[PDB]
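So here's one chain in two forms, each on its own in structure tokens, numbered structure 1 and structure 2.
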Structure 1
């Protein structure tokens, strides 16, 4: 049994009407934060749900939350005192950071604080870092990311943030094991993933990840089995294309990156790469690029390709450490990681 505090019930009007989820995906309301609370309560845990606004959910939905055994409070500090694990199902932007900052002072010894989809745990860690580093060295940052809308049938799993690909531990092993056991007790598959990459595998952007990965693996097969390109050459091409596309969107936006890449041209080039006898990814892609929206094509036409300095980012991280280093290098790196991960502003 665990003490669990969940923050934010979920905008039910959004799930129900705007996304039309009960019709499009399945399950029944409530969805989101309250649904996670329900599930944790049903797992036999001691669950508190903090929600300042009782209007975001029908009274009948409230009843289902309480019926599950969840204690509903409107005071974040009260949930802060309760939980050994704290799950922020809280709005995009300032609100998440305000709540985290509010509870950090009050959570009990060794509590772990977890993001869901509205924030990166790396950025949440940066926002609490002055506190975590002085007054609350015991508190962990992790994630309890559903990577699905809780209450829909797609929700069979949780993404939990562990040690970053840089080796930084944001939470202890104990803390991470608690989060894992929480996900499992609710009948979900638990995935521990490096905390920096959790967003990449769990947010709505995971559509891009999965499509891009499929193109990489397709290219890897052609390169190994048909062209016989050395491993390092295939990797260099992989890095060159994805890094260029990322950096073009970073300076110029989706429209500007499309202006630079030219989909018309891309159809021609990528045609020469039909070398295996079924490449469903390539076929899909060529089709999609052939049928660009006429008004998208019109934005693209008029887009500016802003100044872009195309570089291998890890090599540039290496350069800044050995050339300037110390506190100024760390400052540059934290700002640039923040530019990468920060969800809203």
Structure 2
């Protein structure tokens, strides 16, 4: 049963961002409003009973608000009023500011068996962790998922959503029924919807997908050159890929992007990577060599001023296993949750 659901959307979307910063109408298409308010509109046009919670009326003009009201969306300023309404709750909080606050505000008011979905930025696993004390105790009925759009809702390019489902390591953050409800809601207005494990969904579909796609292209370039030209052993290539990506992630975590750049040194990196220009067409490498030679002088200045903080070489998944064997599964999971919250929530 997935027709005429009661839906709550939180956040109309920063129309100044969409209209003037991204200039979506002229460069991508569609008409405002965009984002969360457009999601509410499309859900309502699909026959769902939709409430949009938005505390700031001034976030868009009266003329765009009329578009929302005409779709039959009910607009409220109080998140708690939207919380009591919906069986599915969609957080449209792109800048990861309000996401935790709104979730914490609504969790003790949402109806029995409600599911709460984040749309972008914050990973549903991190959202689950932030809510876990109540989800484990008083609200075991509530599910956590996500509904990541492929492009800003309202633009022609938005043709699907990615829904965060059971994690690769077997964690169910929402019931099968709750996930099915999110999937079918996502399909409103003719959209495609795909379930991807919740521990990877944000890396595939959110704005960080830019980094994912470019890093992946480098990984595949090296895999090809490594195997087909150099005949470097596969396990060696994988070990180097792991160490590269892990080191880069760890340095950003301790030292920020500027500190990470300072540690890896573009000038050294250009010299080493030039030696790997070994086949016909490696446009990813060509592009990187040119970008790294032409860094912004403002970025460069902040890089000399940056401090490289202590950063420990790890094999991360191997370390997880090792921690489980030392202190047991429950305590290891506690350690993983606490440290994930310290980086991604606090």
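Only the largest set of C-alpha atoms that superpose within 1.5 Å between the two forms is called the rigid core. Positions refer to the first chain, counted from 1.
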item	value
Conformational change between structure 1 and structure 2, one of 98, 231, 168, 177, C-alpha moving 2 Å or more after core fit	231
Turn of the lesser rigid segment against the greater one between structure 1 and structure 2, rounded to whole degrees	14
For residue 275, CA displacement between structure 1 and structure 2 after the core is overlaid, in Å	8.2
Cα displacement of residue 251 between structure 1 and structure 2, core-superposed (Å)	5.3
Core superposition result - C-alpha of residue 77, shift between structure 1 and structure 2, Å	0.3
